[PDB]
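# Examination of the molecular architecture
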Amino acid sequence: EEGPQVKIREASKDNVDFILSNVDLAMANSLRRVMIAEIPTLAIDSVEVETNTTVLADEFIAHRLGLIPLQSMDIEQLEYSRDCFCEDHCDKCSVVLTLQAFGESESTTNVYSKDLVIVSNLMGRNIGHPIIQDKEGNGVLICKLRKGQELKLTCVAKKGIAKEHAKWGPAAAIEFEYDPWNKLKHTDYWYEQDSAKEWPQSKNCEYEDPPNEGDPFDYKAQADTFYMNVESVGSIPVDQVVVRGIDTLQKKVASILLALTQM
Amino acid sequence: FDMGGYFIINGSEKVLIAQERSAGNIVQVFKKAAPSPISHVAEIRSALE
Amino acid sequence: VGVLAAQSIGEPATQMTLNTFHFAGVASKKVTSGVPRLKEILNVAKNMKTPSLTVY
Amino acid sequence: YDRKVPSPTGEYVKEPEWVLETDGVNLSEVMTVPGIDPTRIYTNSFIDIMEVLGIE
Amino acid sequence: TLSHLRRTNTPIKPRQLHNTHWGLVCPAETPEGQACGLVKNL
Amino acid sequence: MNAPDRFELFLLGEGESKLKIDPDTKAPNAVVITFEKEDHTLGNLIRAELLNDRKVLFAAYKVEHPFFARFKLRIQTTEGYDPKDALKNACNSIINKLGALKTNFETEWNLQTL
Amino acid sequence: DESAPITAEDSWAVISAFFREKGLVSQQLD
Amino acid sequence: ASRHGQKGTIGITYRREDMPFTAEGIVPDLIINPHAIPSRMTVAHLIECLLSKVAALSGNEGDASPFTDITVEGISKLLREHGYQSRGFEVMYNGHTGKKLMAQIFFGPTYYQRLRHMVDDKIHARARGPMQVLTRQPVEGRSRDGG
Amino acid sequence: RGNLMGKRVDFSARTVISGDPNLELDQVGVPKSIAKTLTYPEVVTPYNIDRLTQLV
Amino acid sequence: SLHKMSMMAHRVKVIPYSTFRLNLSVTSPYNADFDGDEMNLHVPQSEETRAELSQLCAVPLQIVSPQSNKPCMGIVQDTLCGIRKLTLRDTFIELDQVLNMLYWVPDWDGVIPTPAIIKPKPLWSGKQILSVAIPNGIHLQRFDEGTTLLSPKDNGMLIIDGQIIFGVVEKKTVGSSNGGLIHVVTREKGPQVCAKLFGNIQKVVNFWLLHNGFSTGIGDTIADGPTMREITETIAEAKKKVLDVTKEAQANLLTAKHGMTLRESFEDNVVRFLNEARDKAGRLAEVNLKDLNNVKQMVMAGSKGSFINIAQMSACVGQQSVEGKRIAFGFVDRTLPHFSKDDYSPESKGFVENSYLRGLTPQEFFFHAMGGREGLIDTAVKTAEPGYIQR
Amino acid sequence: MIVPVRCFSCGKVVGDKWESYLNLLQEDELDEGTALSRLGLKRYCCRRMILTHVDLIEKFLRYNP
Amino acid sequence: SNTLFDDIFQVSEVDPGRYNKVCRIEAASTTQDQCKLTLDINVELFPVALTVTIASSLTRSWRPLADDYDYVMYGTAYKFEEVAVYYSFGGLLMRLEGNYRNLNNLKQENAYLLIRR
Amino acid sequence: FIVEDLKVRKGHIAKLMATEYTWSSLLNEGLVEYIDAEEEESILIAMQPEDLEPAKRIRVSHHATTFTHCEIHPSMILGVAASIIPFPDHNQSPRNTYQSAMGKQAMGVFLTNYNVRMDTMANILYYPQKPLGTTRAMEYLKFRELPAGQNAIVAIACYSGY
RNA sequence: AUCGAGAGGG
DNA sequence: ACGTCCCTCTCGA
Ligand SMILES: Nc1ncnc2c1ncn2[C@@H]1O[C@H](COP(=O)(O)OP(=O)(O)OP(=O)(O)O)[C@@H](O)[C@H]1O
Ligand SMILES: [Mn+2]
Ligand SMILES: [Mn+2]
Ligand SMILES: [Mn+2]
Ligand SMILES: [Zn+2]
Ligand SMILES: [Zn+2]
């Protein structure tokens, strides 16, 4: 068919599951690894504040906004503020946002991710939207106000890779395993009387097989077939966060050649 | 959650700390230094508090 | 070789008793015929607190 | 207490012996008692040893 | 803050955790400073 | 305070050629590229792919320190056949392999649907 | 029923009461 | 510190992708060195963690109060049936390589605490500078910036 | 014992000390902010002048 | 700061973050650590003074201490704790990983050496790989109990022309000892030659470790096998060896030993029955722990940990000692308003039978406390006793 | 001091699921470790994020202005 | 250069000893029955419960066919005794006893032990 | 407590649990007593009521039922701070003496009026966290309601040797 | 600024 | 008669 072949296990809204057959560990690792922090996404970066009577400090809430997930589907259509041409930022490099909230409610009154609003040119690209996974659809509780507390701040939302800060974290947790029955002896165990009946079979041992004790160890046993499960907060769909995992890597290797043939 | 106890004197919350002491108006006796001309002694802390 | 001697003999002694709280009491830490036995020596003083002829 | 000494054959051996350990110190005349080893008796009082047997 | 409100400056063996001390001072809450177990924490 | 800037974990500084080749001073037919602003994502894999190359002898890499993002890769090959040429191939093998994942996931993805 | 003794967690409820009447800075108010 | 006279500053800082992980993809928040428990024998550091890894999966507050017939095995009894290793260990995978670690690693949520010592509050340098008036020598302390 | 047999000194430093497997025995990882304030008289000599004028 | 080895000179290496950073193996001579310790730094304002600090107060120059005429620095913690993991002949390296080790040695000769398995599984051994950091020109011979020219346990150490012949590295061969690899190399090869060796070994050793890994859990202090089943009787039979002398001493039959009182003979003969009780109760565990225990593997290298720490952790803490002798009767001829009067038991004169794993009772817990305090008094209070001696 | 956005350990959006956790344990009245488990948290890293949170913001608001 | 030994032995005793990766092995010969031989031999690759050689071919660097045997290796000789010879495989030691092969064997770091069956 | 033939009992347990729905209940009922350190001489107390009457921690015995009183819970000898150690009955006595005056050098929610109170210097934490490891004593020292640290997922092992 | 007292840090 | 070395804070005439 090709080379490093694959077969999904499951697929879903937030998670995806797959065995990478005929892939090299150094690869499945290095892929895993770039998936974490090296795929671009958007997230609030600067934030100026006009009025904040809340209990939480200004930069308190500051740090909190940077961590709200933004839509990033089409994102390569935005180019890194730092690498663009406009005295600071523009619409070519940044989505801008604004949040008015005032404690009119005599109860205790909430501000969410929903409550955000975009006050720049979208230029017709899927960007800047604060994902809502929420059941109630009401977003992420940012703050709380007693009838009379106000909040006026606005948020310049630029493109970043987690390598610089977690907030530009497209990923979340990434499940990783391989060779369930330790057939490659890649890890000495730890037991009091029996190793076996104390270390529990992982939930993957059924797609590989038991080892027929009687038989010996094979010293040509190589690493192949890897059990992974990736998950994205939502900033990016989960197919794109795996495939623009692959993509980024290619580009990474790529610019080797690129500056190779310069010298 | 504040539980009191403290004075507020020109602003800074100062505290008072238990100053212990061997009770007064009591009696005890303690053999004393080998080279003293005294073998034991009887002490009453005489002070009406 | 002077101020050198002093630290070679003094050093040990301070950490013969700056490190007895590692266990929980036991023995010859820093309050048993040791660091103080030295207290005697350098000062001389006659009132030795455990004299003893060992006679063959 | 064991004390090493040469077994005639030439080597050193393990022939012990007794010793009377004291809780006071007047060597000045526990030197001269008979049936000890005045040439060996030892007392911690490096200050008495100084007066009895010589600075050196 | 509590632990400051229940502190007993014992002016100046007396430093040791004593048998009488059961149920009044803390077994092992005192300072590793130049007045260890001198100030006792009720 | 003495914190360096995070953006230096990638964005190459003033006139700092990304790759940099020197010749292994005492091992014959050998090189030490100093990859800048990169990490084990790259390293481990360039190298490991090299460990397939027919006429290539040595292939392994260190991180002279975790404060910095540079890492040296040292490669030596058969008489004639070129080290540089070796990295070359090993890189394409990579992206060709990656390419097949790209589409092999999307094929599988473009199946089940929830 | 009032004729049954006292366990561990029984004494907790006691202590619980102890502070409700006296608190934690007793001696120092008092 | 943790709650066991278990101090130490920060040696270096690393990122999820570079740091070891468990199969379910959980990363250590912090990493202490085994070489600081034989010397002291802080076994409740050990169990606090082992209990609290139950506290976690269980949803129910973990009891550390002292004179309690709550056996160690008492805890690990549950620990096994929640899923993970009976004694808290877990097969760990080298962050840098993807390879596993021939040694499994003991892993749970021990409560820790920030203390009031920041390096940036402590650092200080001086080369010529403010000068006392009777002794003519340097001056005392980071405050007054001196020697 | 305070202002002669000991004094304080210009050109001195301080900070938390951490430890480094990727370092050599005989060197010490001093931070910038000390190196920016830690000076050092150096004379103008033809062997360095082409250096000092780039530091200035 | 009470000695030369604690005011050594260094080369600078300007770096980020606000913290002085120094090589793990110059810890000791300063007795410093990485949990809150500041450190000073000076800087000569001249040239001659630099020379004075370079050619006299250097770090490699003071590699061997005059005071104790032995090397005052050496391999420690992670390096030492796993350098013996590596110098096993159970310990094998495969093709890939080896080069990564080779490269790391900054003075490598770039020759891939003759592996120790060839074909039915090309494979290298730790003692093999290690030796490239050991300067081809070194001979060393150390024997201990059981060490033959065909050493079965991997005991002692023989390395000729700077390559491991047999034996395990550990505190003895590598550490700061007298007949020690550091003491060898610093002598015949030169202060600074040695130096690099610190590096060459720290670098290559650490690498191997983070790929074999090494931790430690309560699992490395539970031996509740029949072992704790038999450690429970020595805690019993040794109450008999003090239960005998109990009413026997209160029947006057107690032989007033030459000198000491009858009272004092009872203590000094029971504490010999309790100490040897505590001791020879955990040395029943020191063999239940397979060679694949970690804290075993941590004292078996001598990286951290002593025996006592095991029996206090797994078997039984032991008799807790105020002022030298057992506990006291600060009450009425007794120890605790929970205990008989005029009572000389062990179960309340301070013998904490339970272990750290198990968990003291409030009694046992209390007496532990009293004991360490004087301990804590020994360190903060009476630490100025020899600080005075020194001035 | 309010719920923090997602998880310290793997950084998964958990700011949201707070108010939804409350009614699960209250309105529906159920087990703690069943309320989190049924909000999609199987990693005890995230789980530790919710279960050990004190919402002192509430004491805050309760103040005069 | 050439084959510098060829005697044939088999299983006398087998031992790990808190080991499990390697086993040293005791054995005396059967085609020349007046010698003993003790060999630290890896058991992951070749176990036992059978010939042997020495050779030195079929300085200078090392490349990824003498492979007619099965288990192979390479050690060094470090001290020889007399009536016995001792080789080290970077940790794996090996001793054999005799008086004949004075002509073939010689004290070198040379050594490519072999086995089969 | 007080012993005859132990006064307080599951009657007097419930006797107050409606409360949050009396110490002077237990003293004037003659169920309890205030014994200074001098009157401690003339009395006998069993550590645990149940324990002393007729593979876990190998436990103390009872013996001569001459018992005047009984100890409420042993745990109350602890101090104001140390009360927060997770299982000090498994730790070396000098360590406990450190965690003790080390939780006094910490960071956390020191009051709740931190915002309108303004004093010289003061730290507050960003996301306080009730410890997953709790001792009964905490309840009374109002801890979980103003924690001091955060349940760090932690793993111990060697790595970078940093 | 200076002297005096106080809590912590290795 | 002196009574271990250094260091960081905070506060009253
Ligand atoms: N009172 C003191 N006087 C002199 N030096 C001290 C004193 N207290 C600590 N130090 C120095 O601090 C170092 C050890 O103290 P520290 O408490 O850090 O030891 P530690 O072993 O880390 O603590 P822990 O014992 O809990 O592990 C030594 O170099 C010692 O000289
Ligand atoms: Mn300390
Ligand atoms: Mn320390
Ligand atoms: Mn320290
Ligand atoms: Zn722009
Ligand atoms: Zn999480």
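Residues numbered from 1 in each chain as written, not as in the entry; some residues may be left out. Chains lettered and ligands numbered in written order. Part of a larger assembly, values for the part shown. Heavy atoms only, no water. Residues with missing side-chain atoms left out of burial classes, pairs and counts.

- Its PDB record attributes the structure to X-ray crystallography, giving the resolution as 3.05 Å.

### Description of the overall build of chain F
- When helices and strands are tallied, chain F shows 2 helices and 4 strands.
- Over its C-alpha atoms chain F spans a radius of gyration of 18 Å, topping by over 25% the 13 Å that the globule rule assigns to 114 residues.
- In terms of its C-alpha atoms, chain F occupies a principal-axis envelope of roughly 60 × 50 × 20 Å.
- For chain F, buried positions account for 50% of its 114 residues.
- With the model as given, the accessible surface of chain F reaches about 5800 Å², and the carbon-plus-sulfur share is 51%.
- Separation of charge centres in chain F, based on 16 positive and 17 negative side chains, amounts to 5 Å. (Helix = DSSP H or I, 4+ residues; strand = E, 2+ residues; numbered from the N terminus. Rg over C-alpha atoms; globule rule 2.2 N^0.38 Å. Buried < 20%, exposed > 50% of the residue type's maximum accessible area, 1.4 Å probe, protein only. Areas by Shrake-Rupley, 256 points an atom, 1.4 Å probe, with all protein chains shown as cover. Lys, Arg positive; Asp, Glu negative; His and termini not counted. Charge placed at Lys NZ, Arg CZ, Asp CG, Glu CD.)

### Overview of the pairing of strand β2 (residues 15–20) of chain A
Residue and element names in this part refer to chain A.
- Strand direction decides the pairing type here: strand β1 (residues 6–11) and β2, joined by 4 bridges, are antiparallel. Within the sheet, the bridge partner assigned to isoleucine 8 lies in β2 and is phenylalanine 18.
- Linking β1 to β2, which pair antiparallel, is a turn of 3 residues.
- In this structure, β2 lies alongside strand β10 (residues 227–232), joined through 5 bridges in antiparallel fashion. By the bridge assignment, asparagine 15 is partnered in β10 with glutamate 231. (Pairing = 2+ DSSP bridges.)

### Observations regarding the side chain of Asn138(A)
- Within the fold, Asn138(A) resides in the loop between β6 (117–118) and β7 (143–146).
- Residue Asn138(A) is classed as buried on the basis of its relative accessible area, which comes to 14%.
- A polar side-chain atom of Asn138(A) sits 3.0 Å from a polar atom in the side chain of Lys114(A).
- Within polar-contact distance, the side chain of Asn138(A) engages the side chain of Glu136(A) at 2.4 Å.
- Beyond its immediate sequence surroundings of up to four residues, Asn138(A) is in contact with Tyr112(A), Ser113(A), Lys114(A) and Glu19(K). (Polar contact = N/O pair within 3.5 Å; in protein donor to acceptor, adjacent residues only side chain to side chain. Contact = heavy atoms within 4.5 Å.)

### Comments concerning the nonpolar core
- Counting residues in hydrophobic clusters, the biggest one holds 68 residues, and the most contacted among them are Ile34(I), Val26(J), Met73(J), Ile83(J) and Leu102(J).
- For this core, the element with the highest residue contribution is helix α6 (residues 191–212) of chain J, accounting for 9 residues.
- If you look at the next biggest cluster of nonpolar residues, it comprises 66 residues, including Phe18(A), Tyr178(A), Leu19(F) and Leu87(F). (Core = buried A, V, L, I, M, F, W, Y, C linked by side-chain atoms within 4.5 Å.)

### What about the coordination of the zinc ion (ligand 6)?
- Protein ligation of the zinc ion (ligand 6) involves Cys7(K) (SG), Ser9(K) (OG), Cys10(K) (SG) and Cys46(K) (SG), the donor distances falling in the range 2.4 to 2.8 Å.
- Of note is the zinc ion (ligand 6), whose 4 donor atoms meet at the metal with angles of 70 to 138° in an arrangement that counts as irregular. (Donors = N, O, S within 2.8 Å, 3.2 Å for Na, K, Ca; no water. Tetrahedral: all angles 85-135°; square planar, octahedral: opposite > 155°, others 65-115°.)

### Structural notes on the interface of chain M and chain C
- Contact with chain M, which involves 4 residues of that partner, is made by 4 residues of chain C.
- Overall, the association of chain M and chain C removes approximately 280 Å² of surface from exposure, summing both partners, and the carbon and sulfur fraction of that is 46%.
- Taken together, the connections running from chain M to chain C amount to 2 residue pairs in polar contact. (Buried area = accessible area lost by both parts, 1.4 Å probe.)

### Describing the protein's contact with RNA strand N
- Neighbouring RNA strand N are the residues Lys7(H), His117(H), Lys122(H), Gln132(H), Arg144(H), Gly36(J), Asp37(J) and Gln105(M).
- Across the atoms of RNA strand N situated within 4 Å of the protein, the share located in sugar and phosphate is 100%.
- The side chain of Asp37(J) places a nitrogen or oxygen atom 3.0 Å from a sugar or linking oxygen of RNA strand N.
- In the environment of RNA strand N, a phosphate oxygen lies 2.4 Å from a nitrogen or oxygen atom belonging to the side chain of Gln105(M).
- Residue composition of the surface near RNA strand N, grouped by class: no nonpolar, 4 polar and 4 charged. (Near = heavy atom within 4 Å. Nonpolar A, V, L, I, M, F, W, Y, C, P; charged D, E, K, R; others polar.)

### Quick look at the pattern of salt bridges
- One pass over the full model with this rule turns up 77 salt bridges over all chains.
- Close ionic contact of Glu20(M) with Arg20(G) constitutes a salt bridge, the shortest N to O distance being 3.6 Å. Of this pair, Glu20(M) sits in the loop between α1 (10–17) and α2 (23–28) while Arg20(G) sits in helix α1 (residues 8–22), on two different chains.
- Exposure remark for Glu20(M): the relative accessible area of 69% places this residue in the exposed category.
- Among the ionic pairs, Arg51(I) bridges to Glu42(I), the shortest N-O distance being 3.3 Å.
- Among the charged side chains, a salt-bridge network with shared partners connects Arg33(A), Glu38(A), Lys163(A), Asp39(F) and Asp18(H). (Salt bridge = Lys/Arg side-chain N within 4 Å of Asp/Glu carboxyl O.)

### Considerations on helix α8 (residues 262–282) of chain J
Residue and element names in this part refer to chain J.
- Over its 21 residues, α8 extends 31 Å from the first C-alpha to the last, a length consistent with the 30 Å expected when each residue adds 1.5 Å.
- Those residues of α8 that fall on the buried side of the exposure criterion are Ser265, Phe266, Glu267, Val270, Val271, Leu274, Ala277, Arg278, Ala281 and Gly282.
- At the N-terminal end of α8, a side-chain oxygen is found 3.4 Å from the backbone nitrogen of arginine 263, two or three residues along, and the residue is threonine 261. (Expected span 1.5 Å × (residues − 1).)

### Some points on the protein's contact with DNA strand O
- Taken together, 14 residues surround DNA strand O, and among them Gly141(H), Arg142(H), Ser143(H), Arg8(I) and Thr120(M) come closest.
- Counting only the atoms of DNA strand O within 4 Å of the protein, the fraction contributed by sugar and phosphate is 85%.
- Measuring from a phosphate oxygen of DNA strand O, one finds a backbone N or O atom of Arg142(H) at 2.9 Å.
- One of the side-chain N or O atoms of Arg8(I) is found 2.4 Å from a phosphate oxygen in DNA strand O.
- In terms of residue count, the dominant contributor to the surface near DNA strand O is helix α12 (residues 384–390) of chain J (3 residues).
- Along the lines of polarity and charge, the residues of the surface near DNA strand O split into 3 nonpolar, 6 polar and 5 charged.

### Quick look at the interface of chain M and chain H
- Counting residues at the interface gives 50 residues for chain M and 61 residues for chain H.
- The largest share of the area that chain M buries against chain H comes from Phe87(M), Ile156(M) and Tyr159(M), three residues that together contribute 16% of it.
- Summed over the shared surface of chain M and chain H, the result is 1 salt bridge.
- Notably, a salt bridge pairs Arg144(M) with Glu61(H), separated by 3.8 Å at the nearest N-O pair.
- Examining the composition of the side of chain M that touches chain H, we find that 4 residues originate from one element, helix α3 (residues 93–102) of chain M, more than from any other.
- Residue composition of the side of chain M that touches chain H, grouped by class: 26 nonpolar, 17 polar and 7 charged.
- Here 2 bridges tie strand β4 (residues 111–112) of chain H to strand β4 (residues 150–151) of chain M, and the two strands are oriented antiparallel to one another. For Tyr111(H), the partnering residue across the bridge sits in β4(M) and is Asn151(M).

### Re the site of ligand 1
- Near ligand 1, the surroundings consist of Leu18(C), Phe21(C), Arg40(H), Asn31(J), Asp33(J), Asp35(J) and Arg95(M).
- Chains contributing residues near ligand 1 are chains C, H, J and M.
- One of the side-chain nitrogen or oxygen atoms of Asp33(J) is found 3.2 Å away from an oxygen atom of ligand 1.
- At a separation of 2.7 Å, an oxygen atom of ligand 1 approaches a polar side-chain atom of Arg95(M).
- Out of a free accessible area of 610 Å², ligand 1 has 59% covered by protein chains.
- Looking at the shell around ligand 1, its residues break down into 2 nonpolar, 1 polar and 4 charged.

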